[PDB]
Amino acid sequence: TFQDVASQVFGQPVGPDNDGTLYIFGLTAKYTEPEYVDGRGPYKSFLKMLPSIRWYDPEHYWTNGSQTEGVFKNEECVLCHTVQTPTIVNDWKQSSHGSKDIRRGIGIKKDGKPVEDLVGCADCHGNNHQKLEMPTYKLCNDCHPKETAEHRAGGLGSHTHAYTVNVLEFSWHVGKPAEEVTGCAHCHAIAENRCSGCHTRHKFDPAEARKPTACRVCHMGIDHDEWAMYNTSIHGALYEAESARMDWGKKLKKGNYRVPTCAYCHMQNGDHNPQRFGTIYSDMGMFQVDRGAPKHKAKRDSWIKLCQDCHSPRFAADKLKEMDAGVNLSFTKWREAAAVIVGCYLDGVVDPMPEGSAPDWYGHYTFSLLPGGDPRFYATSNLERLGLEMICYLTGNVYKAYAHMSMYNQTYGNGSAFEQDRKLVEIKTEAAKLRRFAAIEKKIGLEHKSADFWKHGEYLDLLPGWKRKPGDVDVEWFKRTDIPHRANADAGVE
């Protein structure tokens, strides 16, 4: 093994990664599995989670783990936790739940009756310290049914199904070791199962939720993303300029704000179903659609009217037309790139071919840009990786750059037209190299066999694609009509 050789060269014994030894460049450590619990969803036969899933899907995983015993009153919760977890108490004392002086007389009710007392630690977590509860939106619904019903009103691609569908059914999550993608589970699960993603516990302050910081921890990246798209627009620059002195205590409403934030435009008038204002779900802009077409007029008009809070509607209309035009141009480059990549596959010059790689997460040796394949950036060919990057990392983000008025990210920036250009050159470069090698090998009669490292290795060998077998899919999950579903190749049903 690599570890055995490295052990003799660097003079450090081989051992398990988890024993506490400081391994020199990690060279002689052997991978050990962390403790797992079973994952939920249609791939439950092999999907794993780390036990810390208890906090994010508590209905299915939460158990008692406290060493403190007793049945306590609310005031006892506060007195002790003032010493034991002081900031939780400080947050709670600065919240409407724990302070009547900041209440606005909203008219909150539980079981038809007004909630006039403080809402304490015990009211949300329980009175028995050995049977403490870790809540979800189901608790909040007792007293905030409107916000909860909206939070639960989204379709696929919204907070509503972020975890239940888009973690448990998603290829990139199910195809990887659980501990590699813990952050995916939690980011998506906080969005779905909690009410603290925007207004954090334990202050639960709406003023905090109106700030772009309420969204950007999740809405960033693929490198750049809507955070960078917003922050590099003039709206984002004005947010930075005015944040410290503007009145964040004002409701999200026409005329209450000079500078628009994520919440202002997407949680219009406090609507807790922010997805619904979108024209149409486009798989993060990977699917091409002209939002200015006659069939989408009601949606376009609604956006124009939102912009009219602070602008001429003609100006707004022009800007959204620039989006449509910019998006349509961006897809010519993706189609150019796709032709080159698929062309290489049809000619059999891709190295490795699907047969030379580890099997995909379905357990098949299928080209990733075919229907039934798994588009990905890992455990695949360079050509396939670059293709996925073109469509996901770049083409989708061009739409986001136009949607958020980032002149820079539309053009020179990350996720831009010019990044698409450069990626197209990279793809053509790979393709050209592949074709020059194949042409030479053909002519001189060399029989090329793709290297073993495309197929086997310490990480590649951990992939679940190796252990897929017939009948390992819970197709009853996919038969459910109460949630939407991803169109996975092994779904087994409609």
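In this text, rigid core is short for the largest set of C-alphas that superpose within 1.5 Å between two forms. Residue numbers run from 1 along the displayed sequence.
Enquirer: Between 224 to 232 and 337 to 345, which has the larger RMS C-alpha deviation from this form in 4 other deposited structures of this protein after core superposition?
Expert: Larger mean C-alpha displacement, comparing 224 to 232 and 337 to 345 in 4 other deposited structures of this protein, is found in 224 to 232.
Enquirer: Give, as the answer, the stretch of 215 to 223 and 244 to 252 that departs more from the shown form in 4 other deposited structures of this protein; the measure is RMS Cα distance after a core fit.
Expert: Looking at 215 to 223 versus 244 to 252 in 4 other deposited structures of this protein, the farther one turns out to be 215 to 223.
Enquirer: Please compare 386 to 394 with 230 to 238 and name the stretch with the higher mean C-alpha B-factor in the deposited structure.
Expert: Mean B over CA atoms: larger for 386 to 394.
Enquirer: Take the C-alpha B-factors listed in the entry for 167 to 175 and for 217 to 225, compute each mean, and give the stretch with the larger one.
Expert: Stretch with the greater average CA B-factor: 217 to 225.
Enquirer: Can you tell me which of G363, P212, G157, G270 has the maximum CA B-factor listed in the PDB entry?
Expert: Highest C-alpha B-factor among the listed options: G363.
Enquirer: With respect to the C-alpha temperature factors reported in the PDB entry, which of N141, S95, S368, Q410 ranks highest?
Expert: Going by the entry's C-alpha B-factors, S368 comes out highest.
Enquirer: Would you mind checking where the Cα B-factor of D117 ranks among the modelled residues of its chain, as the lowest, middle or highest third?
Expert: CA B-factor rank for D117: highest third.
Enquirer: For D101, return the chain-relative third of its C-alpha B-factor as stated in the PDB record: lowest, middle or highest.
Expert: As the PDB entry reports it, the C-alpha B-factor of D101 lands in the highest third of its chain.
Enquirer: Can you tell me whether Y56 has a C-alpha B-factor in the lowest, middle or highest third compared with the other modelled residues of the same chain?
Expert: As the PDB entry reports it, the C-alpha B-factor of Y56 lands in the lowest third of its chain.
Enquirer: Lowest, middle or highest third: where is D111 by C-alpha B factor in its chain?
Expert: As the PDB entry reports it, the C-alpha B-factor of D111 lands in the highest third of its chain.
Enquirer: Can you tell me whether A401 has a C-alpha B-factor in the lowest, middle or highest third compared with the other modelled residues of the same chain?
Expert: For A401, the deposited C-alpha B-factor lands in the lowest third.
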